[PDB]
>>> print(open('start14.pdb').read())   # PDB, N, CA and C atoms
ATOM      1  N   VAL X   1    -157.181 -34.908  44.053  1.00  0.00           N
ATOM      2  CA  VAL X   1    -158.422 -34.729  44.798  1.00  0.00           C
ATOM      3  C   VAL X   1    -159.274 -35.972  44.464  1.00  0.00           C
ATOM      4  N   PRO X   2    -159.585 -36.813  45.491  1.00  0.00           N
ATOM      5  CA  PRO X   2    -160.404 -37.978  45.241  1.00  0.00           C
ATOM      6  C   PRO X   2    -161.879 -37.680  44.913  1.00  0.00           C
ATOM      7  N   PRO X   3    -162.507 -38.706  44.267  1.00  0.00           N
ATOM      8  CA  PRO X   3    -163.925 -38.656  43.904  1.00  0.00           C
ATOM      9  C   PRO X   3    -164.930 -38.390  45.050  1.00  0.00           C
ATOM     10  N   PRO X   4    -166.151 -37.924  44.656  1.00  0.00           N
ATOM     11  CA  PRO X   4    -167.256 -37.756  45.611  1.00  0.00           C
ATOM     12  C   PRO X   4    -167.723 -39.169  45.962  1.00  0.00           C
ATOM     13  N   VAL X   5    -167.772 -39.422  47.281  1.00  0.00           N
ATOM     14  CA  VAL X   5    -168.161 -40.753  47.708  1.00  0.00           C
ATOM     15  C   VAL X   5    -169.659 -40.957  47.441  1.00  0.00           C
ATOM     16  N   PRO X   6    -170.044 -42.227  47.168  1.00  0.00           N
ATOM     17  CA  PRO X   6    -171.443 -42.521  46.942  1.00  0.00           C
ATOM     18  C   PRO X   6    -172.324 -42.446  48.191  1.00  0.00           C
ATOM     19  N   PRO X   7    -173.637 -42.194  47.955  1.00  0.00           N
ATOM     20  CA  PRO X   7    -174.590 -42.216  49.060  1.00  0.00           C
ATOM     21  C   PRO X   7    -174.730 -43.699  49.483  1.00  0.00           C
ATOM     22  N   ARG X   8    -174.458 -43.967  50.780  1.00  0.00           N
ATOM     23  CA  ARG X   8    -174.560 -45.352  51.247  1.00  0.00           C
ATOM     24  C   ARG X   8    -176.042 -45.726  51.385  1.00  0.00           C
ATOM     25  N   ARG X   9    -176.256 -47.058  51.314  1.00  0.00           N
ATOM     26  CA  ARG X   9    -177.569 -47.694  51.401  1.00  0.00           C
ATOM     27  C   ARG X   9    -178.411 -47.457  50.130  1.00  0.00           C
ATOM     28  N   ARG X  10    -177.730 -47.598  48.968  1.00  0.00           N
ATOM     29  CA  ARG X  10    -178.343 -47.422  47.648  1.00  0.00           C
ATOM     30  C   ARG X  10    -178.921 -45.982  47.489  1.00  0.00           C
TER      31      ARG X  10
ATOM     32  N   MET T   1    -161.767 -62.650  46.244  1.00  0.00           N
ATOM     33  CA  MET T   1    -161.283 -61.761  45.206  1.00  0.00           C
ATOM     34  C   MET T   1    -160.325 -60.750  45.860  1.00  0.00           C
ATOM     35  N   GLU T   2    -159.706 -59.933  44.983  1.00  0.00           N
ATOM     36  CA  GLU T   2    -158.774 -58.914  45.414  1.00  0.00           C
ATOM     37  C   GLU T   2    -159.382 -57.552  45.063  1.00  0.00           C
ATOM     38  N   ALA T   3    -158.921 -56.611  45.896  1.00  0.00           N
ATOM     39  CA  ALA T   3    -159.318 -55.223  45.863  1.00  0.00           C
ATOM     40  C   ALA T   3    -158.057 -54.380  46.064  1.00  0.00           C
ATOM     41  N   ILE T   4    -158.182 -53.136  45.557  1.00  0.00           N
ATOM     42  CA  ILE T   4    -157.048 -52.234  45.564  1.00  0.00           C
ATOM     43  C   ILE T   4    -157.529 -50.807  45.827  1.00  0.00           C
ATOM     44  N   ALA T   5    -157.066 -50.276  46.976  1.00  0.00           N
ATOM     45  CA  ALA T   5    -157.406 -48.901  47.305  1.00  0.00           C
ATOM     46  C   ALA T   5    -156.681 -47.965  46.295  1.00  0.00           C
ATOM     47  N   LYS T   6    -157.477 -47.106  45.647  1.00  0.00           N
ATOM     48  CA  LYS T   6    -157.005 -46.150  44.642  1.00  0.00           C
ATOM     49  C   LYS T   6    -156.770 -44.747  45.211  1.00  0.00           C
ATOM     50  N   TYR T   7    -157.512 -44.462  46.304  1.00  0.00           N
ATOM     51  CA  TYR T   7    -157.410 -43.146  46.955  1.00  0.00           C
ATOM     52  C   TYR T   7    -157.502 -43.362  48.469  1.00  0.00           C
ATOM     53  N   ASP T   8    -157.173 -42.273  49.191  1.00  0.00           N
ATOM     54  CA  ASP T   8    -157.212 -42.307  50.655  1.00  0.00           C
ATOM     55  C   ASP T   8    -158.668 -42.409  51.115  1.00  0.00           C
ATOM     56  N   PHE T   9    -158.908 -43.132  52.228  1.00  0.00           N
ATOM     57  CA  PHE T   9    -160.304 -43.180  52.705  1.00  0.00           C
ATOM     58  C   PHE T   9    -160.363 -43.268  54.235  1.00  0.00           C
ATOM     59  N   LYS T  10    -161.180 -42.339  54.770  1.00  0.00           N
ATOM     60  CA  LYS T  10    -161.423 -42.227  56.208  1.00  0.00           C
ATOM     61  C   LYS T  10    -162.935 -42.414  56.454  1.00  0.00           C
ATOM     62  N   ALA T  11    -163.248 -43.551  57.131  1.00  0.00           N
ATOM     63  CA  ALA T  11    -164.648 -43.938  57.414  1.00  0.00           C
ATOM     64  C   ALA T  11    -165.503 -42.803  57.988  1.00  0.00           C
ATOM     65  N   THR T  12    -166.812 -43.049  57.796  1.00  0.00           N
ATOM     66  CA  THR T  12    -167.846 -42.105  58.200  1.00  0.00           C
ATOM     67  C   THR T  12    -168.729 -42.658  59.320  1.00  0.00           C
ATOM     68  N   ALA T  13    -168.725 -44.000  59.388  1.00  0.00           N
ATOM     69  CA  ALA T  13    -169.557 -44.677  60.371  1.00  0.00           C
ATOM     70  C   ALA T  13    -168.980 -46.047  60.738  1.00  0.00           C
ATOM     71  N   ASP T  14    -169.673 -46.587  61.749  1.00  0.00           N
ATOM     72  CA  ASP T  14    -169.424 -47.860  62.406  1.00  0.00           C
ATOM     73  C   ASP T  14    -169.377 -49.081  61.448  1.00  0.00           C
ATOM     74  N   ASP T  15    -170.170 -48.978  60.356  1.00  0.00           N
ATOM     75  CA  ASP T  15    -170.234 -50.094  59.409  1.00  0.00           C
ATOM     76  C   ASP T  15    -169.171 -50.033  58.291  1.00  0.00           C
ATOM     77  N   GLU T  16    -168.398 -48.941  58.332  1.00  0.00           N
ATOM     78  CA  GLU T  16    -167.320 -48.667  57.385  1.00  0.00           C
ATOM     79  C   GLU T  16    -165.978 -48.731  58.139  1.00  0.00           C
ATOM     80  N   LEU T  17    -164.948 -48.994  57.313  1.00  0.00           N
ATOM     81  CA  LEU T  17    -163.562 -49.046  57.796  1.00  0.00           C
ATOM     82  C   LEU T  17    -162.672 -48.274  56.817  1.00  0.00           C
ATOM     83  N   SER T  18    -161.586 -47.765  57.417  1.00  0.00           N
ATOM     84  CA  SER T  18    -160.614 -46.954  56.714  1.00  0.00           C
ATOM     85  C   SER T  18    -159.597 -47.799  55.936  1.00  0.00           C
ATOM     86  N   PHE T  19    -158.864 -46.985  55.160  1.00  0.00           N
ATOM     87  CA  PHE T  19    -157.701 -47.430  54.405  1.00  0.00           C
ATOM     88  C   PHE T  19    -156.937 -46.173  54.006  1.00  0.00           C
ATOM     89  N   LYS T  20    -155.878 -46.441  53.240  1.00  0.00           N
ATOM     90  CA  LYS T  20    -155.003 -45.417  52.728  1.00  0.00           C
ATOM     91  C   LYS T  20    -154.682 -45.865  51.306  1.00  0.00           C
ATOM     92  N   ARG T  21    -154.556 -44.865  50.419  1.00  0.00           N
ATOM     93  CA  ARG T  21    -154.264 -45.144  49.011  1.00  0.00           C
ATOM     94  C   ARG T  21    -153.108 -46.172  48.834  1.00  0.00           C
ATOM     95  N   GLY T  22    -153.503 -47.432  48.525  1.00  0.00           N
ATOM     96  CA  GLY T  22    -152.530 -48.503  48.315  1.00  0.00           C
ATOM     97  C   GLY T  22    -152.895 -49.836  48.983  1.00  0.00           C
ATOM     98  N   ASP T  23    -153.731 -49.777  50.053  1.00  0.00           N
ATOM     99  CA  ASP T  23    -154.103 -51.015  50.738  1.00  0.00           C
ATOM    100  C   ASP T  23    -154.615 -52.126  49.801  1.00  0.00           C
ATOM    101  N   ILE T  24    -154.195 -53.343  50.202  1.00  0.00           N
ATOM    102  CA  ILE T  24    -154.599 -54.582  49.548  1.00  0.00           C
ATOM    103  C   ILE T  24    -155.726 -55.082  50.469  1.00  0.00           C
ATOM    104  N   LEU T  25    -156.941 -55.151  49.888  1.00  0.00           N
ATOM    105  CA  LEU T  25    -158.130 -55.537  50.657  1.00  0.00           C
ATOM    106  C   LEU T  25    -158.599 -56.946  50.296  1.00  0.00           C
ATOM    107  N   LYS T  26    -159.296 -57.509  51.312  1.00  0.00           N
ATOM    108  CA  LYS T  26    -159.841 -58.860  51.192  1.00  0.00           C
ATOM    109  C   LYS T  26    -161.333 -58.765  50.892  1.00  0.00           C
ATOM    110  N   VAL T  27    -161.692 -59.155  49.659  1.00  0.00           N
ATOM    111  CA  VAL T  27    -163.100 -59.015  49.306  1.00  0.00           C
ATOM    112  C   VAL T  27    -163.875 -60.266  49.731  1.00  0.00           C
ATOM    113  N   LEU T  28    -164.657 -60.039  50.806  1.00  0.00           N
ATOM    114  CA  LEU T  28    -165.502 -61.074  51.386  1.00  0.00           C
ATOM    115  C   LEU T  28    -166.908 -60.930  50.761  1.00  0.00           C
ATOM    116  N   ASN T  29    -167.806 -60.269  51.530  1.00  0.00           N
ATOM    117  CA  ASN T  29    -169.175 -60.037  51.077  1.00  0.00           C
ATOM    118  C   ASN T  29    -169.203 -58.914  50.007  1.00  0.00           C
ATOM    119  N   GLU T  30    -170.327 -58.956  49.271  1.00  0.00           N
ATOM    120  CA  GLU T  30    -170.652 -57.993  48.227  1.00  0.00           C
ATOM    121  C   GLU T  30    -172.130 -58.262  47.864  1.00  0.00           C
ATOM    122  N   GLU T  31    -172.986 -57.325  48.349  1.00  0.00           N
ATOM    123  CA  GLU T  31    -174.444 -57.384  48.165  1.00  0.00           C
ATOM    124  C   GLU T  31    -174.921 -56.804  46.820  1.00  0.00           C
ATOM    125  N   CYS T  32    -174.006 -56.926  45.854  1.00  0.00           N
ATOM    126  CA  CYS T  32    -174.188 -56.438  44.494  1.00  0.00           C
ATOM    127  C   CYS T  32    -174.460 -54.925  44.421  1.00  0.00           C
ATOM    128  N   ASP T  33    -174.016 -54.199  45.476  1.00  0.00           N
ATOM    129  CA  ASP T  33    -174.174 -52.746  45.473  1.00  0.00           C
ATOM    130  C   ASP T  33    -173.253 -52.192  44.371  1.00  0.00           C
ATOM    131  N   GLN T  34    -173.754 -51.094  43.783  1.00  0.00           N
ATOM    132  CA  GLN T  34    -173.080 -50.426  42.676  1.00  0.00           C
ATOM    133  C   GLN T  34    -172.482 -49.092  43.114  1.00  0.00           C
ATOM    134  N   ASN T  35    -171.837 -49.201  44.293  1.00  0.00           N
ATOM    135  CA  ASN T  35    -171.200 -48.075  44.957  1.00  0.00           C
ATOM    136  C   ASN T  35    -170.308 -48.496  46.155  1.00  0.00           C
ATOM    137  N   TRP T  36    -170.487 -49.730  46.698  1.00  0.00           N
ATOM    138  CA  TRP T  36    -169.698 -50.163  47.876  1.00  0.00           C
ATOM    139  C   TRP T  36    -169.258 -51.648  47.777  1.00  0.00           C
ATOM    140  N   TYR T  37    -168.303 -51.984  48.681  1.00  0.00           N
ATOM    141  CA  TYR T  37    -167.793 -53.353  48.861  1.00  0.00           C
ATOM    142  C   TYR T  37    -167.538 -53.617  50.352  1.00  0.00           C
ATOM    143  N   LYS T  38    -167.768 -54.883  50.752  1.00  0.00           N
ATOM    144  CA  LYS T  38    -167.471 -55.294  52.121  1.00  0.00           C
ATOM    145  C   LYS T  38    -166.131 -56.058  52.029  1.00  0.00           C
ATOM    146  N   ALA T  39    -165.109 -55.528  52.735  1.00  0.00           N
ATOM    147  CA  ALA T  39    -163.792 -56.159  52.661  1.00  0.00           C
ATOM    148  C   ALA T  39    -163.084 -56.160  54.018  1.00  0.00           C
ATOM    149  N   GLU T  40    -161.933 -56.882  54.044  1.00  0.00           N
ATOM    150  CA  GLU T  40    -161.165 -56.991  55.278  1.00  0.00           C
ATOM    151  C   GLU T  40    -159.847 -56.207  55.183  1.00  0.00           C
ATOM    152  N   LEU T  41    -159.607 -55.502  56.299  1.00  0.00           N
ATOM    153  CA  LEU T  41    -158.424 -54.672  56.500  1.00  0.00           C
ATOM    154  C   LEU T  41    -158.116 -54.358  57.938  1.00  0.00           C
ATOM    155  N   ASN T  42    -156.801 -54.496  58.184  1.00  0.00           N
ATOM    156  CA  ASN T  42    -156.239 -54.049  59.448  1.00  0.00           C
ATOM    157  C   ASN T  42    -156.850 -54.668  60.728  1.00  0.00           C
ATOM    158  N   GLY T  43    -157.489 -55.845  60.546  1.00  0.00           N
ATOM    159  CA  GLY T  43    -158.115 -56.562  61.660  1.00  0.00           C
ATOM    160  C   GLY T  43    -159.614 -56.257  61.822  1.00  0.00           C
ATOM    161  N   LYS T  44    -160.165 -55.570  60.794  1.00  0.00           N
ATOM    162  CA  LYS T  44    -161.562 -55.187  60.747  1.00  0.00           C
ATOM    163  C   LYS T  44    -162.135 -55.562  59.375  1.00  0.00           C
ATOM    164  N   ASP T  45    -163.474 -55.449  59.332  1.00  0.00           N
ATOM    165  CA  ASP T  45    -164.249 -55.735  58.130  1.00  0.00           C
ATOM    166  C   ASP T  45    -165.390 -54.685  58.049  1.00  0.00           C
ATOM    167  N   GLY T  46    -165.512 -54.054  56.864  1.00  0.00           N
ATOM    168  CA  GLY T  46    -166.539 -53.020  56.717  1.00  0.00           C
ATOM    169  C   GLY T  46    -166.669 -52.551  55.275  1.00  0.00           C
ATOM    170  N   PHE T  47    -167.609 -51.595  55.110  1.00  0.00           N
ATOM    171  CA  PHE T  47    -167.874 -51.040  53.793  1.00  0.00           C
ATOM    172  C   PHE T  47    -166.785 -50.021  53.399  1.00  0.00           C
ATOM    173  N   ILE T  48    -166.554 -50.047  52.071  1.00  0.00           N
ATOM    174  CA  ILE T  48    -165.595 -49.191  51.387  1.00  0.00           C
ATOM    175  C   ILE T  48    -166.221 -48.814  50.028  1.00  0.00           C
ATOM    176  N   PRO T  49    -165.998 -47.568  49.519  1.00  0.00           N
ATOM    177  CA  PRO T  49    -166.619 -47.179  48.249  1.00  0.00           C
ATOM    178  C   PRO T  49    -165.922 -47.711  46.982  1.00  0.00           C
ATOM    179  N   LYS T  50    -166.773 -48.003  45.965  1.00  0.00           N
ATOM    180  CA  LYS T  50    -166.288 -48.561  44.702  1.00  0.00           C
ATOM    181  C   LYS T  50    -165.434 -47.549  43.930  1.00  0.00           C
ATOM    182  N   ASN T  51    -165.902 -46.289  43.865  1.00  0.00           N
ATOM    183  CA  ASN T  51    -165.085 -45.313  43.116  1.00  0.00           C
ATOM    184  C   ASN T  51    -163.719 -44.984  43.778  1.00  0.00           C
ATOM    185  N   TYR T  52    -163.529 -45.447  45.042  1.00  0.00           N
ATOM    186  CA  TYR T  52    -162.244 -45.243  45.722  1.00  0.00           C
ATOM    187  C   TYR T  52    -161.300 -46.458  45.528  1.00  0.00           C
ATOM    188  N   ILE T  53    -161.827 -47.583  44.977  1.00  0.00           N
ATOM    189  CA  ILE T  53    -161.018 -48.805  44.742  1.00  0.00           C
ATOM    190  C   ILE T  53    -161.233 -49.317  43.293  1.00  0.00           C
ATOM    191  N   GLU T  54    -160.433 -50.366  43.004  1.00  0.00           N
ATOM    192  CA  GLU T  54    -160.437 -51.121  41.761  1.00  0.00           C
ATOM    193  C   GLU T  54    -160.369 -52.619  42.150  1.00  0.00           C
ATOM    194  N   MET T  55    -161.242 -53.408  41.494  1.00  0.00           N
ATOM    195  CA  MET T  55    -161.286 -54.857  41.724  1.00  0.00           C
ATOM    196  C   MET T  55    -160.254 -55.551  40.822  1.00  0.00           C
ATOM    197  N   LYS T  56    -159.895 -56.777  41.263  1.00  0.00           N
ATOM    198  CA  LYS T  56    -158.922 -57.593  40.544  1.00  0.00           C
ATOM    199  C   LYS T  56    -159.187 -59.108  40.813  1.00  0.00           C
ATOM    200  N   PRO T  57    -159.956 -59.751  39.879  1.00  0.00           N
ATOM    201  CA  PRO T  57    -160.255 -61.189  39.968  1.00  0.00           C
ATOM    202  C   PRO T  57    -158.986 -62.080  39.865  1.00  0.00           C
TER     203      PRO T  57
END
>>> encode(input="start14.pdb", output="structure tokens")
Amino acid sequence: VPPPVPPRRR
Amino acid sequence: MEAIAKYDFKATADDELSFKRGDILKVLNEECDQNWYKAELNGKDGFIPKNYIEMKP
């Protein structure tokens, strides 16, 4: 199960 | 620089591009974000997440 993706645009 | 897809990734928007766990990416731009990278793949260029890849100088 891959990681939680980051919130884009900082 | 070189980049390495660590997990599968399916874009969310127009400024992002997909890959599949294993792609060799072309690291072009990088706005010093601490979560994304701008790289080249499959005839496109877009954002990809840092926790989904590993860099290789």
>>> resolve_selection(input="start14.pdb", expression="the PyMOL selection byres ((chain T and resi 39-50) around 7)", output="NGL selection string")
(:X and (5-6)) or (:T and (14-18 or 24-29 or 34-38 or 51-54))
>>> atom_distance(input="start14.pdb", atom1="CA of residue 57 (chain T)", atom2="atom C of residue 4 (chain T)")
12.2 Å
>>> interface_residues(input="start14.pdb", of="chain X", to="chain T", cutoff="8 Å", atoms="only C-alpha atoms", output="PyMOL selection string")
chain X and resi 2-3+5-8+10
>>> write_last_selection(input="start14.pdb", atoms="N, CA and C atoms", output="short mmCIF file (atom, residue, chain, number, x, y, z; two decimals), in the frame of the given file")
data_model
loop_
_atom_site.label_atom_id
_atom_site.label_comp_id
_atom_site.auth_asym_id
_atom_site.auth_seq_id
_atom_site.Cartn_x
_atom_site.Cartn_y
_atom_site.Cartn_z
N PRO X 2 -159.58 -36.81 45.49
CA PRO X 2 -160.40 -37.98 45.24
C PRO X 2 -161.88 -37.68 44.91
N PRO X 3 -162.51 -38.71 44.27
CA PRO X 3 -163.92 -38.66 43.90
C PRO X 3 -164.93 -38.39 45.05
N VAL X 5 -167.77 -39.42 47.28
CA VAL X 5 -168.16 -40.75 47.71
C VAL X 5 -169.66 -40.96 47.44
N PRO X 6 -170.04 -42.23 47.17
CA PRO X 6 -171.44 -42.52 46.94
C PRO X 6 -172.32 -42.45 48.19
N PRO X 7 -173.64 -42.19 47.96
CA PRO X 7 -174.59 -42.22 49.06
C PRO X 7 -174.73 -43.70 49.48
N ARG X 8 -174.46 -43.97 50.78
CA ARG X 8 -174.56 -45.35 51.25
C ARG X 8 -176.04 -45.73 51.38
N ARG X 10 -177.73 -47.60 48.97
CA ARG X 10 -178.34 -47.42 47.65
C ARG X 10 -178.92 -45.98 47.49
#
>>> atom_distance(input="start14.pdb", atom1="atom N of residue 31 (chain T)", atom2="atom N of residue 1 (chain X)")
27.8 Å
>>> atom_distance(input="start14.pdb", atom1="atom N of residue 10 (chain T)", atom2="atom C of residue 32 (chain T)")
21.0 Å
>>> select_by_dssp(input="start14.pdb", residues="chain T", states="strand (DSSP E)", output="ChimeraX atom specification")
/T:2-5,24-27,36-41,44-49,53-56
